Amino acid sequence: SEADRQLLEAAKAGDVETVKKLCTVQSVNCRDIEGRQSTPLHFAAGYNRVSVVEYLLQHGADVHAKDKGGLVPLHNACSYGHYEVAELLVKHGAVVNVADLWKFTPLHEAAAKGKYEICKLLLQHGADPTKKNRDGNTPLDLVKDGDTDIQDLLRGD
Amino acid sequence: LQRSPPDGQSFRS
Numbered sequence: 490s491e492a493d494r495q496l497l498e499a500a501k502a503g504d505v506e507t508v509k510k511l512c513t514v515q516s517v518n519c520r521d522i523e524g525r526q527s528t529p530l531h532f533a534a535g536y537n538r539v540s541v542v543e544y545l546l547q548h549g550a551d552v553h554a555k556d557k558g559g560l561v562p563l564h565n566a567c568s569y570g571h572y573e574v575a576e577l578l579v580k581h582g583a584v585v586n587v588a589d590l591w592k593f594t595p596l597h598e599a600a601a602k603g604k605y606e607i608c609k610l611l612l613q614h615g616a617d618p619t620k621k622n623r624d625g626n627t628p629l630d631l632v633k634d635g636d637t638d639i640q641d642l643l644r645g646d
Numbered sequence: 004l005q006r007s008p009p010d011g012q013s014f015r016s
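In the order they appear, the protein sequences are chains A and E. For what it's worth, the entry's author numbering labels the leading residue of the first sequence as 490, then goes sequentially. For what it's worth, the entry's author numbering labels the leading residue of the second sequence as 4, then goes sequentially.
Written out as structure tokens, the structure is:
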């Protein structure tokens with residue numbers, strides 16, 4: 490629907506006022522059919538729109554919702570280094586060991602993208618640095634050579 | 004099948 494399209498666009502842009510006008514019990518968990526089925530919460534999380542993330546969560550957005558590739562909004566936040574968003578999602582019950590269709594977890598994303606504080610947050614909440622994705626790679630395996638601090642963090646040493 | 008990235012980006016700018 491045009492309304493849902495406008496809502497998804499508003500979530501992506503961080504347009505709080507438009508989100509408030511279009512967010513209904515029926516649209517809060519709508520999906521971008523013409524993309525990868527991101528929900529408003531995926532868009533707000535991935536584009537670091539904190540106020541929108543907050544509003545959506547308050548109004549019943551599903552923190553556990555998977556997109557077409559099996560990503561939850563915590564994946565989006567972690568891949569793009571959005572620490573506050575990640576913390577809000579975890580506080581609202583997001584599963585940290587969640588795995589997409591390729592068995593990538595949020596820790597795989599944070600590690601690969603060089604996000605130390607987010608890795609630390611995930612580990613504090615029980616994220617498993619030993620979980621292999623479908624390629625057989627752990628999050629540690631995906632750490633860039635230059636990020637020796639992240640390597641040490643995930644090694645527990 | 005390509006694993007495409009999540010919707011989003013790291014820098015708002």
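We put the beta carbon where it would ideally sit given N, CA and C, even for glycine.
Inset, instruction - Determine the contact status of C567 of chain A and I522 of chain A, defining contact as a CB-CB distance below 7 Å. - result: Locating residue 567 of chain A in the first sequence gives position 78, counting from the first residue. Locating residue 522 of chain A in the first sequence gives position 33, counting from the first residue. Not in contact: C567 of chain A and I522 of chain A (Cβ atoms no closer than 7 Å).
Legend entry - 7 Å CB neighbourhood of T619 of chain A in its chain, flanking five on each side removed: Position 130 of the first sequence holds residue 619 of chain A. Cβ neighbours of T619 of chain A beyond the five flanking positions: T627.
Inset, instruction - Please name the residues in the region 553-575 of chain A whose beta-carbon is closer than 7 Å to at least one beta-carbon of chain E, in chain order. - result: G558, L560, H564, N565, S568, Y569 and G570
Inset, instruction - Return yes when the Cβ of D589 of chain A is within less than 7 Å of the Cβ of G549 of chain A, no when it is not. - result: Your numbering for residue 549 of chain A matches position 60 in the first sequence. Your numbering for residue 589 of chain A matches position 100 in the first sequence. Not closer than 7 Å, so no.
Inset, instruction - Decide if the region 622-639 of chain A is in contact with the region 524-543 of chain A; the criterion is three or more beta carbon pairs, one per stretch, under 8 Å apart. - result: no
Inset, instruction - Flag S16 of chain E as yes if its beta-carbon sits less than 7 Å from any beta-carbon of chain A, otherwise no. - result: Reading the second sequence from its first residue, position 13 is the one you call residue 16 of chain E. Chain A contact via Cβ: absent.
Legend entry - Span separating the alpha-carbon of residue 651 of chain A from that of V585 of chain A: Nothing about residue 651 of chain A can be reported from this structure: the residues present for chain A run from 490 to 646 only.
Inset, instruction - Measuring only between beta-carbons, confirm whether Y536 of chain A sits less than 7 Å from chain E. - result: In the first sequence, residue 536 of chain A corresponds to position 47, counting from 1. Chain E, which has a Cβ nearer than 7 Å to the Cβ of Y536 of chain A, makes this yes.
Legend entry - For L530 of chain A, the nearest candidate out of A:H553, A:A616, A:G603 and A:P595 (CA to CA): Position 41 of the first sequence, counting from 1, holds the residue named residue 530 of chain A. The option with the nearest alpha carbon to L530 of chain A is A:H553.
Legend entry - Contacting residues, own chain, Cβ-Cβ under 7 Å from residue 695 of chain A (five flanking each side not counted): The structure shown does not extend to residue 695 of chain A, since chain A spans only 490 to 646, so no value can be given for it.
Inset, instruction - Compute the beta-carbon to beta-carbon distance between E543 of chain A and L577 of chain A, rounded to the nearest angstrom, for a pair I have assumed lies under 8 Å. - result: The sequence position of residue 543 of chain A within the first sequence is 54, counting from 1. The sequence position of residue 577 of chain A within the first sequence is 88, counting from 1. Contact flag correct, Cβ pair sits at about 7 Å.
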